[PDB]
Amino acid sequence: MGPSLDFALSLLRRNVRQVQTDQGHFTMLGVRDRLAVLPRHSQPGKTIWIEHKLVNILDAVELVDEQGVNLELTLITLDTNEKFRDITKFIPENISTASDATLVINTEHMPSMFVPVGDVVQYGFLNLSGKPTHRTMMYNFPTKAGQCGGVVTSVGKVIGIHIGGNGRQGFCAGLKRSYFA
């Protein structure tokens, strides 16, 4: 087995979780410790289904940019026994683009799904379903629903959380390492 398959499979193994909320199925990225991240619109409550059990959520923090605008990411802190593997190092310090990116989706309905989204490029601003959102990025792939949360990865870097699509294009909320400190 080669480099990027091993990395993307290691994430599937250790960090990417199948979850469910009143809104439906999403892919959760567990980043370190008891800290996970989901799309904002996933609308996590006081509890969240994580694969085989309902997990208590202690804290939920919806992220806004300096101008108080939506980033589309919620940092959830979980009442879970054991720490997530630390992958903060894999996350760039500032939002980065990539070439030949891979969308990693893990969901009850689409488990361990690998989607070749291609080059990822700055989009900057997206409006989805009425909410104005910053620090987004774009890939030219027809991304379907139930693929939100999916993890954008290139070459051992973890660069976005999927949040949107128009049927010809996908957009993710880019990841910054400061978010998870």
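For every residue, the number given is its place in the sequence shown, counted from 1.
Novice: Decide which of the stretches 141 to 149 and 62 to 70 has the higher mean C-alpha B-factor, going by the entry.
Specialist: That would be 62 to 70.
Novice: Which is higher in the entry, the mean Cα B factor of 15 to 23 or that of 158 to 166?
Specialist: Of 15 to 23 and 158 to 166, the stretch with the higher C-alpha B-factor average is 158 to 166.
Novice: Can you tell me which of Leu128, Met28, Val115, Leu54 has the maximum CA B-factor listed in the PDB entry?
Specialist: Result of the comparison over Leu128, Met28, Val115, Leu54: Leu128.
Novice: Based on what the PDB entry reports, which of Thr80, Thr97, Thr107, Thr88 has the top C-alpha B-factor?
Specialist: Highest C-alpha B-factor among the listed options: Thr97.
Novice: Looking at the temperature factor on the CA atom of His134, which third of the chain's modelled residues does it land in?
Specialist: CA B-factor rank for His134: highest third.
Novice: Looking at the C-alpha B-factor of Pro39, is it in the lowest, middle or highest third of its chain?
Specialist: It falls in the bottom third of the chain.
Novice: When the deposited Cα B-factors of this chain's modelled residues are ordered and cut into thirds, is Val121 in the lowest, the middle or the highest one?
Specialist: According to the entry, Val121 has a C-alpha B-factor in the chain's highest third.
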